[PDB]
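One chain is shown next in structure tokens, namely the form deposited in one PDB entry.
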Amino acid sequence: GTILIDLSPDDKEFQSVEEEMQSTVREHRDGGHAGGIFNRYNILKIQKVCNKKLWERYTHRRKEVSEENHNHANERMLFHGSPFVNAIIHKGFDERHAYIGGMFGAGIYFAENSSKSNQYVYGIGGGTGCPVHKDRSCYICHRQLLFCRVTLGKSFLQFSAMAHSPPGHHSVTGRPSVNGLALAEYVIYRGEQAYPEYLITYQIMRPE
């Protein structure tokens, strides 16, 4: 029961999402192997995701987390990257399929850095690249990220050297302990704690 509302480039809501999309690009330590080499995106379209059942699922779980955390859901707007955003905008997030392990264990991954989410669009470590050119840095094929509303509540703070929640926590925060430039990543283990608000269709742009 999902509806997609295409946003005009003139809409204030379109510009504030693209802005967040463009300004959260950062240099990547891996030399762009996973997500490709680029400094900015070409936004082809942004779509608002509306689904009543999914929203109720989210707000319901949000109320429970909030009451377990001094009335603080600790809600963020985070980017999500994976090759399943097509099923997700219809079926919503589902922790049952989130068994693939990452840097911070298994679970559903989000990031403040859009370019970090871009790394996982075509699979873990970029997979084998786009289905058509097998190029992880393809400048032609379309990519899709979700700009989601996520509930973090009491989040366990994990530091890196750069599946259920920890007892008494509703999520996990992944933070670099030396590179203060890389923004945080987040992992949740309840599909109900994330709602995909926006669908961003884009291409990475080849630097000049």
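The numbering used is simple: start at 1 and walk along the sequence shown. Residues that one form lacks are left out of the comparison. Basically, rigid core = biggest C-alpha set you can superpose within 1.5 Å across the two forms.
There is another form of the same protein, the form deposited in another entry; it is not shown, and what comes next is about it.
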*Rigid core as reference, CA moved 2 Å or more between this form and the one not shown - which of 42, 59, 179, 39?*
179
*Determine, after fitting the two forms on their core, whether residue 87 shows a C-alpha shift of 2 Å or more between this form and the one not shown.*
no
*Superposing on the rigid core, is the CA of residue 105 displaced by 2 Å or more between this form and the one not shown?*
yes
_Comparing against this form, do residue 82 and residue 177 have their CA atoms pulled together or pushed apart in that other deposited form? The difference is 3 Å or more._
closer
_in that other deposited form, shift in Cα separation for residue 180 relative to residue 78, 3 Å or more_ = farther
_Residue ranges moving between this form and the one not shown (criterion: at least three consecutive CA positions shifted 2 angstroms or more, core aligned)_ = 102 to 106, 176 to 183
